[PDB]
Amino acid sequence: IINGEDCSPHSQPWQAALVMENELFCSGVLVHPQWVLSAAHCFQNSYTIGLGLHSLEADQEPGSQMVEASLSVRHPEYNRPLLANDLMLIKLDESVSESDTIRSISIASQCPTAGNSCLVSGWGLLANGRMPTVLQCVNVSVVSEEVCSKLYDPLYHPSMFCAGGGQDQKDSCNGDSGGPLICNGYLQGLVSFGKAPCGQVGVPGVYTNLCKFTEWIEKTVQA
């Protein structure tokens, strides 16, 4: 997260951390007691997932869980076309007890609204090249289907949407992949891609447009 500040501890309790030999590479969102949703590009064969974290050290966080997952279902349309349909569902080994530090979120039904300020959160690089010690948060505003095709053609797929590129240079950075973008209490997107470097003035990030994917996510999680 570029130009955010520290999240209020346990304020984003649906946040999952994907770590690989103790080192975070992606975030996810708990969207059901057995299912973390993340970036299809975040695919691994096995996951270690932090729940209910703030700092990335389990012991130092009371209510924290380190679960394991052997299993993920990438959207069958992932990377067709390229960068498109960037979502997958990680089934957890065991379902888990909601607490106050750990909670599922509903996904948005309507499509994002141009101008809508939304919150993004994760542990990816700061403005200064360094990794944050505690979960970060920033407010980015949805941009328009037009400014997002202009910025990103011929790779814009209606399964993405763009947000940020304000004056004040708020954006997602490396390690924020598959983390959440909350619009009006609902899960509206996940962190996917953008131009490189992060935080280019007037350059929004792209987010998996989850309004497209509700029937696939419902229908998958019941089976």
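One-based numbering along the sequence shown. By rigid core we mean the largest C-alpha set that fits within 1.5 Å across both forms.
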* Core-superposed in 5 other deposited structures of this protein, which stretch deviates more in Cα positions, 194 to 202 or 173 to 181? -> 194 to 202
* Structure fact -> The stretch whose C-alpha atoms carry the larger average B-factor in the entry, 203 to 211 or 10 to 18, is 10 to 18
* Structure fact -> Ranked by mean Cα B-factor in the entry, 74 to 82 and 102 to 110, top stretch is 102 to 110
* To do: Pick out which of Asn139, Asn116, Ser95, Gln136 has the highest C-alpha B-factor in the PDB entry.
  => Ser95
* Asked: So where's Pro33 on the chain's Cα temperature factor ranking, which third?
  -> highest
* Asked: Going by what the PDB entry lists, where does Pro62 fall on CA B-factor within its chain: lowest, middle or highest third?
  -> highest
* What third of its chain's C-alpha B-factors does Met88 belong to: lowest, middle or highest? -> lowest
* Asked: So where's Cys148 on the chain's Cα temperature factor ranking, which third?
  -> middle
* Structure fact -> Split the chain's modelled residues into thirds by Cα B-factor; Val120 lands in the lowest
